[PDB]
Structure formats: C-alpha cells, structure tokens
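What would the 3D arrangement of this be:
(6 chains, ligands or ions: 32)
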Amino acid sequence: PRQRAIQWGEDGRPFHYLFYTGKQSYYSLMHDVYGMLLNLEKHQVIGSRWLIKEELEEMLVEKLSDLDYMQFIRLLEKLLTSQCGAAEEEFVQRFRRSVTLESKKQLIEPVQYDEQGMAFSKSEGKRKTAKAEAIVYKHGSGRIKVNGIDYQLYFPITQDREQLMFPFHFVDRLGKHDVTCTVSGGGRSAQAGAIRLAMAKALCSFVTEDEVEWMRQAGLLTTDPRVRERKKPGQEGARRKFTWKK
Amino acid sequence: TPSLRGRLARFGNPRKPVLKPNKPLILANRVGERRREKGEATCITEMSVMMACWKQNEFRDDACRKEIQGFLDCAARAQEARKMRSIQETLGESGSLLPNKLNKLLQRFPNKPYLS
Amino acid sequence: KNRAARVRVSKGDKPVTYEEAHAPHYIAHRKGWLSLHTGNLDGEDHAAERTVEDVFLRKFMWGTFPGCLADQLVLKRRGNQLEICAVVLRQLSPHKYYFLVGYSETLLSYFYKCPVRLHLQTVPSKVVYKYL
Amino acid sequence: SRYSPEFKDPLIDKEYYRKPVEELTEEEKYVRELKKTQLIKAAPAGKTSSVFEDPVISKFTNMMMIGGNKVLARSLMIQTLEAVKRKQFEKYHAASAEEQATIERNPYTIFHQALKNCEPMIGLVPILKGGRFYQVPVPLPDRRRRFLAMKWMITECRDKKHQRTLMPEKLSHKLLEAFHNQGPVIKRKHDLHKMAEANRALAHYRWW
Amino acid sequence: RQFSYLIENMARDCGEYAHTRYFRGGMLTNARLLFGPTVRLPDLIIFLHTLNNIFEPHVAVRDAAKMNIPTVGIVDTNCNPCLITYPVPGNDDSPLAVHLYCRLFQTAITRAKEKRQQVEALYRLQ
RNA sequence: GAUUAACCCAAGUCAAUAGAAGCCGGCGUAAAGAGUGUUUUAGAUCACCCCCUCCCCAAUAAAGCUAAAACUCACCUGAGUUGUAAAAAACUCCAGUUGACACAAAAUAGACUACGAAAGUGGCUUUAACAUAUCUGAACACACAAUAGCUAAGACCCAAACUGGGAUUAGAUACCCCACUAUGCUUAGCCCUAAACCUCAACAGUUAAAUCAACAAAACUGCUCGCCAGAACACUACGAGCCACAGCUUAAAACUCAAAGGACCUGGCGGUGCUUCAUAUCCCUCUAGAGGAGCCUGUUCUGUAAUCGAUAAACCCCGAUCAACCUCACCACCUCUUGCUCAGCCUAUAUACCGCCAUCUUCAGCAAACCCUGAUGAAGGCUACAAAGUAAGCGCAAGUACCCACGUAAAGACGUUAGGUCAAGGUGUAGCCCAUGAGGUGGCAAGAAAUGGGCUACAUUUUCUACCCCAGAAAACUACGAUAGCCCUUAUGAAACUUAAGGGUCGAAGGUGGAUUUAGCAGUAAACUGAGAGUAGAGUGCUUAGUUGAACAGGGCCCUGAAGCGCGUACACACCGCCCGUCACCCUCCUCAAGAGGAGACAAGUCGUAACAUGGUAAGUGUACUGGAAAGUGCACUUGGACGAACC
Ligand SMILES: [K+]
Ligand SMILES: [Mg+2]
Ligand SMILES: [Mg+2]
Ligand SMILES: [Mg+2]
Ligand SMILES: [Mg+2]
Ligand SMILES: [Mg+2]
Ligand SMILES: [Mg+2]
Ligand SMILES: [Mg+2]
Ligand SMILES: [Mg+2]
Ligand SMILES: [Mg+2]
Ligand SMILES: [Mg+2]
Ligand SMILES: [Mg+2]
Ligand SMILES: [Mg+2]
Ligand SMILES: [Mg+2]
Ligand SMILES: [Mg+2]
Ligand SMILES: [Mg+2]
Ligand SMILES: [Mg+2]
Ligand SMILES: [Mg+2]
Ligand SMILES: [Mg+2]
Ligand SMILES: [Mg+2]
Ligand SMILES: [Mg+2]
Ligand SMILES: [Mg+2]
Ligand SMILES: [Mg+2]
Ligand SMILES: [Mg+2]
Ligand SMILES: [Mg+2]
Ligand SMILES: [Mg+2]
Ligand SMILES: [Mg+2]
Ligand SMILES: [Mg+2]
Ligand SMILES: [Mg+2]
Ligand SMILES: [Mg+2]
Ligand SMILES: [Mg+2]
Ligand SMILES: [Mg+2]
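Numbers count the residues shown, from 1 in each chain, chains lettered A, B, ... in the order given. Ligands and ions are numbered 1, 2, ... in the order given. Let me share the structure:
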C-alpha cells in the first residue's frame, strides 16, 4: 500500500506548514481550492463524475471522513460553478473520473442468408430452465414451427400463443415473418417465454432502431432473471418456515 | 418578558417565592420537536349527506349518485391533502424554521450558564 | 454462535497462522485443503481409507516431531507416492531431523505399503498471519 | 426480488409509442428520452399488447386461480363470458323488438358494469377504544373497492349453497344479477352500507 | 474562519506552521500517538483568536499550558488571558487589526531568521 | 475438627467484664431554624455621629352593597333531560327561552409580587388601622395560628366525608355515575394540629479569596437565641398540663441490628412523554393453512420387569440422514474374572470443562493502547459554519458461492440465558473393581386420557378413464373420503400377526372447523412431480431439483415493539425486581386485669397489591368518617411528581 513519507527532518521541523492539523494533505488541498475561489472572485457532466472517498484517500494518502469528503466535493462544485479558467478546469479534472456509459440499446443480430438466398436472423433466449433458439426470416406468411411442429399444436394453451404473438403484434408485424424455433427444458410456460425472448431478439434485426427501443421498453428484450429459489434447510420451502410454536 | 426579580426563593429574597419551577429557568440549546396535530375524522359532513340520502332512497345508489360522488371526491381530497401536508411538513414553509435547523442554529450559539 | 475451527478474538496477543486464522467457510475461498487425493472426486472409491491414513499420518507426525511442526501437514498422493510436506522449526539439530526423516519415511513405507517421502521446510519461528 | 431497484416496470401500450412527436409535451419528451437509459423488467407472461387484453378480467382470473392453476382459471373465465353472451343472445332473440335495443350482449360490458355496481362506497374498520371494538365507517380507496367487489363475487360463487352447479354457470348468473342490481352480492353491499349508516355516530372515532 | 486563509498564508510565507481548522482532541497532549514517538511539538504557539467558534477558550490554550509550551495570544475584552503566557489585549475581530497582527508577527519572525543567518555567517567568517 | 508447619507473647497467654481515651461539630436534602410575634434578668457591637422607598397595590376588624353564574317561581314550546371509554341507575312537578330572583363564591386586572409576625389576604364603598430613633431574646408566660373537628342557635344555591343505589371487577368495603347528610357559610365559645416547608432562624457585613463533598436555591464572616448527637422501638408508654375525654404538648426505657440515612454513577425497567419507523409486519389489510375428522409421528399422563437426553421463545418426524434380532446404553435369568486394551464403566456432576451449537442476531457493536473532563468519585468523552477525542484489532461492511451489480446462501464479534449435550469423542473431580465391568438367551417399547407437527380429505376450480390441457362418463347411503381395519401374496431378512410394497374385502369419521394461532413481499405463498442421505428392508420424516404460479404491498401510531432525545426510579441475578398490611407457632422485652395488649426478632403459609415508573386513581401532611387488610374518600396544604418546555 502507498505509504506517506516521513513528515519531518532530522531537526524535527515538519516539512509542511499544515502538519499539526493532522491532515496536512487534505487541508492543503482545501486551502488551495479556497485560494483559487478567491482568485476567481478577484478577477470578476454526463461523461465524468466526482471521485469517491476511497479515491480521494488514495490520492491524499490520508484517512478521511464522510463529512470531510462532502466539504471537499461542495468546494469543488462551487469552483466549477464560477467562470473558471483553464488552470481552474485542470485542477477540477484532476479529481474528475471517467464513467463508462454503457448503451442499453439492444445488439442487432447480423442478417444471414440461407441456401435459397432468403434473409434471416438467429437468436437465443432463456427463461427459467428453458432455452430457445429461434430463426426469424425477413419474408414469411407468419408460420411458426416449434421443434418442427406448428405452434398451435405445440402450445395448446392460449396464454403461450399470446406470448408468441406479443413480439410481432407489438411492432405490427403479424403474418409477415416465418419463424423456426427449437426449445429445450422447462415447462410449457417457460418454453413459451424463452421462445418469445428469442423471437423478439431476432426480430430486432428487421425493425427500426426506434422500434427496437420500444420493444426494449416494453420488456420484450430483457432476459427474465426470476429463477426458482433454492430450498433452505430448517424450513419447509424457499421462504416458508416451519410452523412456529410459542 | 415577565420579570424574574424577587420571584424565586433565594437568599436575600425576603418575600415568599412567587414561582416554584421544577426545572431551572435556563435556556436549553434545543427546541421541542415539530409536534404533530392529532388527526380528526374527515369528510364527516359529506358522509352524513350520503347516508341521509341512502336512508331516504332505501340505499339505492342510482338516486344518490351525486352525493356519493361528492363524498368520494371529499375522501380523495382528504387523502391527497394528508400527503401534501406530509410534504409541507418536510418542507417546513409554514413555520419560521424547522426544528432541526433551529437546533443547528442554537448549537452554533449555545447558552452559557457557566463561567470559563 | 458458530465455534467450528475458529480462533476466537482476544486482547490481540495470540499469534495465529494463515491456516488457523481462517474459518471453515473460507475453505476453497481463501485457504486450500491440507490433503490432496482423488478419493473424494465423483466416481471414486477408497475415500474412507485415505481419510484414515491422513488422520494417522497427522497424529504420527505430530508425535514423532514433538514441538517441531510449525503448521499443519500437507499430504499429497500421486499414484502410490505419498508426499508429506511439513513446516518445521529451526530448533532441533539437523542430525536429529535427518534421523527422523529416514525413520518416518521407512516406517510409513513399510506400514502403508507405498513409497513415502517427507519434505521438511524449516522456518526460524512460527509464521504469523495476524494477532487474534 | 431478483430485479435491482434500477429496473422499471415495462409499459405495454402500442399507442403510447406510436404517438406523434409533435403532440408530445416537454415533460413527455423528457420522460421518453430518460427511459432510453433505464433498465426494464421482462414483460410478465400474464399481460401482452393484444387488443383483447382486459386487466380487470385478468385480475379476476388470477383471483379465481387456485394453486397456480391459471389454465383452469382462464378456462372458467372464458366459459363464464361465453355463458353470459349465450344467455344474453337467448334473451335478445326471445324478446320483442322494443326490448331488443335495451338488452345488452357484450360480456365485457356486463362484467365491468356488474363489478362497478358491486363496488362498495363506504367500508368498516374495527377500532379498539375503551377496551371495546367498534365498526367505524371509513372511506375506501378505489383499489380496495374494486378488490372487495371481485372478492365478494368470487366468494358468493364459491358458496356451498349452490349444489352441483359449475363455476361458469354460477358466475354468469351472478354477473347478470349484479348487472341488474340484484342478487346476493348486491345484498351484501347493501348490508355493508346499512351497517355503516347505523354506525355513523362512531365515525368520529376515526383518527385519519 | 474569516481569517483562516490569511493566517495559513502568513504561516507558509514566514516558514512557520498554522492550525486554523477544527482542533482535534489531543493534537498537543497526545501528539506522540497521533504523529509519532519522535514528533517535535511547537516551542511557541500564537493565538490570533483565543476563543473557539462557540465563544469559549480554545482548547489548545489549556493543552499548550499542560505541555509547557509558551503561548502568545491576542485577547479581546471577552477572552480569558489567565493561561496565556504573553497576552496582547487587542481587538481580534476587525480585519484591519488581524492583518496588523499577522504583519507584525510575520515581520518579527522573518527579521529573527534573517538575523540568525547573519550571525551564523559572521561567526563562521571569524 | 485432627495433623504438619508457621506467627505473637512468654512463666505466662488472653476468654469475659470494667476502666482509660469523646462539647469549640452541625441544623436545605443525612438528627437538627422549634407554626408565629412580643419580655425581665441578661448578652452583643451591628447603637451615636450618619444618612438614599417616607407613601400607594391582595394585612386586619366592623357596617353596607352586588356584576356574572345558580336555585326557586311564572308564562310559552318539546318529550325527553342528566350521565361517559361504554352503560346502567336517577329525574321526566323534566329540558329550552324570557322575567323576577341570595346570610353562597368573589372571571378578566394578575405577564402585577404587594400587605401581614406567621397562619393567611386578589368584588366594591366607608370607618378604625398596620408596635419599637440599636440588635438578639421566653418550651417558665401572654396573644395569634390554614383546613379538619366539637358545642348552641340560624342560612342553605352549590359542593361534599358517611350512607344508599347503578356500573366495573375474581372480589371493589375504591377509582367511574346518581342522590343526599355531617361539613364548608353567619354568630358565641372551644379544639391549637399541618409537607404550619421558601424543610434554608434574627440582626450586621463580604464577594476578598483557601470558592465549592453531591444534589439543591453560590461560598462565607461577626453576634445571639432555639435545636440536633446511629437506626428502630417512638407523632409510643408512663408522669404532668390543657374547656381538649378515640385528643393535643412535652416525651422515655427495655428487647433487637450493624447498620439506618442523604446525594449521586451506570444499567435495567415504566400500563413513560415527543418524533420517526416496523415491510411478512405491530395494527387494519391479501393468500394458504393449523385448532373440528381419520391416519402417520413426537410429547405429557397412565401402564409395564423394562432405557436416557431435549422439554418457553431457543422442546415436541428433537439426538435418529431412523429401534423386529443387532443397534442398546433398559428389564428378567444364566455365565466370566488381569477381563478386545500396560483393563474397563452409556456411573454422578453440562452448576468443572474442551469439542459442536441454540438465542438475542430479521442486532451493530466489542475492545487493546493512549489523551482529556469530572476539584484526579463511581463515571463520561458529541455538535461538520464542529465544542476532546485518536484509535491498531474483531464484527458489520467489502469481497466470495449459486443465475448479475439483485436476491438467496454463507457470515454474524464481545457477551446474555451456570441455555443444550459427561449418551459423538476426549477429560477434571467423586464413585464400582467377584461388578455400577464383560458376555449369552429371552423380552417391553402399549393406550384411559390430553396435546404438537404433518399426511389425506371433507368434493363440482371436484371423482374415474384416455390424453398430458378442444373428450366421454360420475355426481349423496354402491357419490367424494383410509396411506385405517381384516385376509392373502410379494420384497428384505436366519427369523415379518409385526417393516415395506401390491392385491382383495370394507366404505368409516368427516360436509371447510370455536376461543386462539402459523407462514409468506415474487418465481415467493399455494399445488404437482422427481432424486439423494441413511437400511438387508423400513418414515405420511429430512435434504434437494424442477414444473404451473398468484393476491395485498395502501393507510396508522390507536395495539406490540425498535431507534433518537428526554423524564422517573425505594429495582441491581436488575419488573419474572422490590415491597406493605391483616389472619397461626416459637423467642426476647415492655405496659398491664396471671387473662391479655404493644414492640422487635423468627420467618412461614393465607387474603389482597397499598408504595417504588404518571406503580397503572401521583405521592405525602393535618384532620374527620368508613373498611378484612394494606387502605378509600372529603376539606386545606406540600413537591420530597410531571406537564414534554419558540410558533404549530
Ligand atoms: K393435528
Ligand atoms: Mg446458526
Ligand atoms: Mg473578539
Ligand atoms: Mg431532616
Ligand atoms: Mg421559620
Ligand atoms: Mg426582640
Ligand atoms: Mg385554628
Ligand atoms: Mg347541608
Ligand atoms: Mg348536590
Ligand atoms: Mg361520589
Ligand atoms: Mg360569604
Ligand atoms: Mg402554608
Ligand atoms: Mg400529630
Ligand atoms: Mg400521645
Ligand atoms: Mg397519659
Ligand atoms: Mg386436527
Ligand atoms: Mg422419552
Ligand atoms: Mg430430563
Ligand atoms: Mg432391542
Ligand atoms: Mg453398563
Ligand atoms: Mg452450560
Ligand atoms: Mg444463515
Ligand atoms: Mg458479510
Ligand atoms: Mg443448566
Ligand atoms: Mg439438562
Ligand atoms: Mg452390567
Ligand atoms: Mg387398505
Ligand atoms: Mg422370505
Ligand atoms: Mg399500586
Ligand atoms: Mg397510586
Ligand atoms: Mg390523599
Ligand atoms: Mg368510602
């Protein structure tokens, strides 16, 4: 770990004039920032963030408190608010850190071509223990084949068929794409959900970017993280406890 | 401000005491909390109008629709006003200052009943 | 309160090694296993015999090297080779250490019917991880 | 919940996304721009964007469900709606031309109107005071009101008084009765209202 | 806090040390623990404001009295000069007076260091 | 106690008793300023020069008067009025308006602080009037002295002991409601007591310091008077005095104890205040259950010759992921003695322990080493526009496992319950050694009764069949409902009326379950299916995987708790605390017409819970009445209670 050097010489005289404050680095920093604010008074965001308390402690090689960090950040913000010059901006950028703004935009599958030259997109999805791999063609009559079986035969429950309808219907593309999906594992409903997720992900390759964003906002492209919770010892279920007698 | 000269029972005070405080008459460095006002049952008048109309109309909602709607609107207004009152209490605009900020101010300038 | 293999806190004067300072829930997270054999793997047998051999070896080495061991033994099994890696203290004369190495190796070889090697790493004093 | 608090409930409404940009207000524009940076929960299997989606009927089906058997509950709901429509068609055909205009034949409208009629306006809360418990009249939120209507309907249909009558038939009969402001559930609502009116003198006991 | 920046600047310019922040408990009576066994405590402490921010004597006055450190101090009419070694009765609130005190002390220290260097050079020359 | 040793003194030692050694100390709370004022004899120097509030506001006595509100009466209206947490009882010659209307009591002023010696005195007017040109001074007198109370004659609106009724309660001789009396008022005498306390004496003076145990209302000096000298006995007995006769004043002693006491610190606790919360959660809420039935299984009780342990939360399909023989430690009988063991014991002690854990914990604190405050006491140590804290380390947290950063696991310190285990094993101490050890054979492990947890159901969202979700039948005494009962077969085993599985036969109780109660905030609850551990076989049990898959999630501080700031405290193994009084025996002492009473100790059992927290009706003083008992109530007084301390 980074270690602060000896703070006084052979004679015993400390090197820094703020040594006896016990926080010479932090208080020197505060002194410099206040002096810069006075100088600025005399003369007269998305891609960055303030460094956390741990980063400030690493920079200063001094233990700090939450309220000290708050005071420092308030002073830095007040420094930013004024008509700061180049040096006053460099001093702020010394402490500003870079934050990676990962785009929530869904990744678009490449458009592949079969032997006959028809365009399609392949995707995958998971729901509980069900895993579905779907292929959506650019042109089609709306036929959907699940494991080589028509989806009305494979899903005799109206709920599953509605789940299948949801992605196409949300972008008004019923009966315009042919889909071939293979699903394994889970029950009927988990299989329907996985097929729905895979179909939506693949269909993103044949709709506009605004439509992809709308599908994402509608929950058609989020992998459902809800999975079965393990049963714990000493209780009847995942959360059900044994009957407690007083 | 009422006078304190010759009120408390003290040496050199010939008269019998006027005040017998159970706590020293010394300013504390804090104020009492923002005491809540005990809630009263609301929309009672509109409820009464609705119930009287029910009694006159044999509890038939079709005849009483107007009074029923009035009572419902009053109930919704009361709930929203309770929420807004909580928001206002958090804001503290009604009082001269919130008890927390006043306690901070008194901490900055504490009472000094002792020598130093 | 859980008590298993935990060195409880004290006034800060009791030295503890890395092995002792970690609770059982740190096994395979912050500390390894003191014995390494294929007995406990899926589709394997003779685990009980290996466990009994490990227990006997640990007790035998603790008794044969009184006050010399500075930490737990590390038992390794490669084929029929049995390697005992032990951290000992630099107090006994090397003559006695060599005598004990030859003795224990021959005795264990004739007892467990397998070639047994004993590797001693000596330290000036018990290695201290922290003070509990 | 496996969803972090950052996650937001998805909004399933085609018209909300097909709305022209010009009509959008600055608040709506800002909300739409912000939603591009949030995380969105996966769409629940219960609700979709189908034009035939009814949240009220979906909630009623979920309340009718026993032991997670949503297939059976959905079957009961669709059978009930079919029975309501068939009875209304029978009455429409069997009635004169004058009565044909007044007869309603949309099962969804009948269901919604029956629930609205069954909705209670004023509820009762048991309050402890002086060692006794008083049924103090209180206002009810719309959510609790709709839930009370649904639960009363289901409980009345599940009553043992009806012998060997299937749930779709019982529920259809009760829905038609409530749609006409008659039947046991409307009587239950009237009894609640009468008890509240009788206990009106205890309304001051409420502190909220 | 009106003169913390000025006093810190004056201390840095004159080569001496400053303490214008919240005086943590024990900076003088517990220095051997906070800093180290070989820390050197000040040989003279100058209070430009003997009162803390709640109008009580600064704890450093009493602590320096404990640690046998002479204390020079500007004392206003509401201060307690009993434990201050060299109290200077004077206004401690007006910016003019505080600037005068800072100037006088800085000039005295600078003149002293200049004279020390001159005397050392002269004695080495002879 | 014996023994060994040691210590002191020593021809002595020391058990008992007696003596020697005691007033310059205090009086707000430890005992103590006597309820108040005034003398002589005296004492003091604060007397003289020499003096700054003289006078007025609610002193006192007498006489007179009355504004508001009552009562009563009268007219006119209504059938109700009163009563409170809720009622009942009571009154309806009642209630509402208006008018007439007092021997009662004196809003606002009063946020004033005055008068008087104290007690006391706060409506208005008038009369008389508020001692002392030094101070202290009477318990040996004189004169006053709240409220209560007595005596005699009057007034009587209202209030109100007692009493009666209603209610509450296990009881309620009280608290709550109603009615009424003594009494509160007037006059004339008595009584002479108060937490009569501002528990702080009068006079003169100081703020200098050496200020100062604590709290309280700062520390003192000079002078004088009164009082005090461990607690309890004891505001008692006797004596004496009194208009008092169950009284008041003065006021002991014997027996007993090593304390009593005052003020604090910390913690706990409060039917404790304010504020904010509880997120499966305290309440209303949402869902599924338990408590009702049969069965499985555990426990208590009974029973037997026949284990043991857990046994409130934190026991009860628990040690057992498991008892037909074995397991086994139990019982009966028989057998062996250096014994499988350089023996052995499942013998006692979990209140000696290690080892592994429960619990707060669905917490976040514990703590080394320093430093500072408290006058250097137990103790305490924070305010960010910062005011004495710094803190290594443990824990939380972070990281890690599973599918993420979420969730669930895991983790979760110091300590609490002498919590569980001596029967996992080891082990201290004690105990048996021809037996409390070892082996063999056989056997109990049942149900009068009660109960816990589950399983199956009580059906129509159901039952059977096919299918694994587009069907056909059944649907009340041949319906649903046994995994139960009886018989047979199979599996395992040496051994099966006994364990398990299957088949046959039968078709029972039961018809959605009282008081009460459990769990769950999402892939959760609910329902369904599969696998593993262990067994030769064996659970409706445990562990685990998956499938379908919800509702409420909004209000409240009323109930129960938590946190922050306080308040109180007679508790401190800490409210499951402490503690009071009556009704038996024994012991000591005292007063006694030897019967008895009292006090203290002994300490039981009984009836309540009076006091300590707002002790659940604040406590107490005086006094009167009443009650099984602490005690209750009236009247006045005290804080040795509080009222939360800007406005809201
Ligand atoms: K049961
Ligand atoms: Mg645990
Ligand atoms: Mg000043
Ligand atoms: Mg006293
Ligand atoms: Mg007096
Ligand atoms: Mg006199
Ligand atoms: Mg009197
Ligand atoms: Mg009378
Ligand atoms: Mg009366
Ligand atoms: Mg009464
Ligand atoms: Mg009068
Ligand atoms: Mg008095
Ligand atoms: Mg008396
Ligand atoms: Mg007497
Ligand atoms: Mg006598
Ligand atoms: Mg039962
Ligand atoms: Mg038993
Ligand atoms: Mg036992
Ligand atoms: Mg047996
Ligand atoms: Mg035995
Ligand atoms: Mg124990
Ligand atoms: Mg856990
Ligand atoms: Mg952790
Ligand atoms: Mg015990
Ligand atoms: Mg036990
Ligand atoms: Mg034996
Ligand atoms: Mg059978
Ligand atoms: Mg056989
Ligand atoms: Mg009591
Ligand atoms: Mg009381
Ligand atoms: Mg009383
Ligand atoms: Mg009475």
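
just checking, residue A:154 touches residue A:132?
No - look at residue A:154 against residue A:132 with C-beta atoms under 8 Å: they stay out of range, at 11.7 Å. All C-beta atoms are positioned from the backbone trio N, CA, C, and that covers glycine.

what about the two, which has more around it?
Applying other C-beta atoms under 10 Å in any protein chain shown to residue A:154 and residue A:132 shows that residue A:132 carries more neighbours, namely 26 against 21.

Would you tell me whether the host helix or strand of that one gets close to RNA strand F?
Residue A:132 belongs to strand A:130-137 when assigned by DSSP states H and E. Yes - with C-beta under 7 Å from any atom of the strand as the criterion, RNA strand F is reached by strand A:130-137 at residue A:130.

contacts for that strand?
Strand A:130-137 has contacts (C-beta atoms under 8 Å, 6 or more residues apart in numbering or on different chains) with A:118-126, A:177-187, A:190-191, A:193-195, A:197-199, A:201-203, A:205-206.

Same check on stretch C:30-50?
Here stretch C:30-50 has contacts from C:18-19, C:22, C:27, C:51, C:54, C:72-77, using C-beta under 8 Å, 6+ apart.

do the same with stretch E:20-35
Residues contacting stretch E:20-35 (C-beta under 8 Å, 6+ apart): A:7, A:19-23, A:27, E:1, E:3-5, E:7-8, E:19, E:39, E:41, E:52, E:58-60, E:63-64, E:66-67, E:69.

Show me these that map onto helices.
Per DSSP state H, helices hold the following members of the contacts of stretch E:20-35: A:27, E:4-5, E:7-8, E:59-60, E:63-64, E:66.

quick check, distance from stretch E:103-119 to the centre of its chain.
Distance of stretch E:103-119 from the chain centroid (C-alpha atoms, centre = their mean, to the nearest Å) equals 15 Å.

hang on, the earlier thing: which ones among the contacts of stretch E:20-35 come in contact with RNA strand F?
Among these, RNA strand F is touched by E:1, E:52, E:59, E:63, E:66 when using C-beta under 7 Å from any atom of the strand.

Restricted to buried residues, select those in PyMOL.
Selection command for PyMOL covering only the buried members of those, criterion 16 or more other C-beta atoms under 10 Å in any protein chain shown:
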select buried, chain E and resi 59+63
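
Centroid-nearest residue for chain A?
By C-alpha atoms, centre = their mean, the mean C-alpha position of chain A lies nearest to residue A:102, the distance being 6.7 Å.

Checking my notes, that residue in a helix, right?
No - under DSSP: H, G, I helix; E, B strand; the rest coil, residue A:102 sits outside any helix and is assigned coil.

what number of residues lie near residue 18?
Just so you know, I chose chain A. As a measure of burial, residue A:18 has 24 neighbours, counting by other C-beta under 10 Å.

wait, I meant chain E there
What residue E:18 shows, counting by other C-beta under 10 Å, is a neighbour count of 23.

SS state for the residue nearest to it when sequence neighbours are not counted?
Among residues not flanking residue E:18 along the chain, residue E:11 sits closest, at 3.5 Å (C-beta to C-beta, 6 or more residues apart in numbering or on different chains). Secondary structure state of residue E:11, per three-state DSSP, is helix.

give the contact list for residue E:11.
Contacts of residue E:11 by C-beta under 8 Å, 6+ apart are A:17, E:17-18.

Shouldn't residue D:203 be within a strand?
No - secondary structure of residue D:203 (three-state DSSP): helix, not part of a strand.

what sits against the closest residue to chain D within chain A?
Chain A approaches chain D most closely through residue A:219 (3.1 Å), counting by C-beta to the nearest C-beta. Taking C-beta under 8 Å, 6+ apart, we find residue A:219 in contact with D:10, D:12, D:40-44.

can you do 6 Å?
D:10, D:40-43 (C-beta atoms under 6 Å, 6 or more residues apart in numbering or on different chains).

Write out the residues of chain D neighbouring chain A.
Neighbours of chain A within chain D, by C-beta under 6 Å from any C-beta of the partner chain: D:2, D:10, D:12, D:17, D:35, D:40-43, D:45, D:48-50, D:71.

go on, chain E?
Where chain E comes near chain A, counting by C-beta under 6 Å from any C-beta, the residues are E:5, E:8, E:11-12, E:17-19, E:21, E:24, E:34, E:40.

So which of those residues is the closest to residue D:105?
residue E:21 (82.6 Å; C-beta to C-beta).

The closest one belongs to a strand, doesn't it?
No - using three-state DSSP, the assignment for residue E:21 is coil, not a strand.

Run a quick neighbour tally on it.
Every residue meeting other C-beta under 10 Å relative to residue E:21 is counted, giving 17.

What distance do you get for it to residue B:41?
Counting by C-beta to C-beta, to the nearest Å, the separation of residue E:21 from residue B:41 is 56 Å.

does residue A:62 really touch residue A:25, like I thought?
Yes - the pair residue A:62 and residue A:25 passes the contact test of C-beta atoms under 6 Å, sitting 4.7 Å apart.

from the chain's centre, how far out does the top helix by length along chain E sit?
As assigned by DSSP H, the longest helix anywhere in chain E is helix E:95-125. Remark: helix E:95-125 is offset 15 Å from the chain centroid, using C-alpha atoms, centre = their mean.

what do you get for stretch A:99-117?
Distance, centroid of stretch A:99-117 to centroid of chain: 18 Å (C-alpha atoms, centre = their mean).

picking up where we left off before, show the subsequent helix or strand relative to the strand holding residue A:132.
Counting by DSSP H and E, what follows strand A:130-137 is strand A:144-146.
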